[PDB]
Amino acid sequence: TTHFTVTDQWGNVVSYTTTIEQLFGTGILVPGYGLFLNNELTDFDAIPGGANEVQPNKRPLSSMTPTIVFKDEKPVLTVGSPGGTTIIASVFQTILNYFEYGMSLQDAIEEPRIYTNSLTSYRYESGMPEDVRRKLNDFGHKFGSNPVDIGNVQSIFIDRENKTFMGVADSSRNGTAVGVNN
């Protein structure tokens, strides 16, 4: 998965998350055409009967969360991320850090994230203090000994006070922000 974002001089804003599921998808490359084929249908439940069961011509449930935040009907911030079910965690934590904590956009993105979808599944980024990790686990959590990078947020802030755009690319990949003047 990858997330990118674009703002232009006409007020158009794009927030675009795009994927082939696993890295390289199924790993199948179309012989003579050089393109990788998605494994997106494993995003369906393997056991049927549920909301996200396999059916022909059905779209498998995604966790992709391309987002635009508005203030008084005007876009002010784009957010999105790769990382399967963790995307929800990357996007809400970035928004929490920016709007609730009042961090800089780059601090909001770089701040270590956590993810836990269930009592049996925990991940955290390097930077959670060791003593806090131990207290969390003593309380019943299951943060392991090894931290892992979570997601890859690209964001644009639209600064109408300063008449500028600010682009931020997460350090978790080699992504870049490139501004444009006239």
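Numbering starts at 1 and runs along the sequence shown.
- In this entry, the higher average B-factor at the C-alpha atoms falls on 72 to 80, of the pair 89 to 97 and 72 to 80.
- Looking at 126 to 134 and 63 to 71 together, the entry lists the larger mean B-factor for 126 to 134, computed on C-alpha atoms.
- In this PDB entry, the Cα temperature factor of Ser15 sits in the bottom third of its chain's modelled residues, the lowest group.
- When the modelled residues of the chain are ordered by their C-alpha B factor, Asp170 lands in the middle third.
- In the PDB entry, a CA B factor belonging to the highest third of its chain's modelled residues is recorded for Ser145.
- Among the modelled residues of the chain, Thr2 sits in the lowest third by CA temperature factor in this PDB entry.
- For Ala51, the recorded CA B-factor ranks within the middle third of the chain. Only modelled residues enter the ranking.
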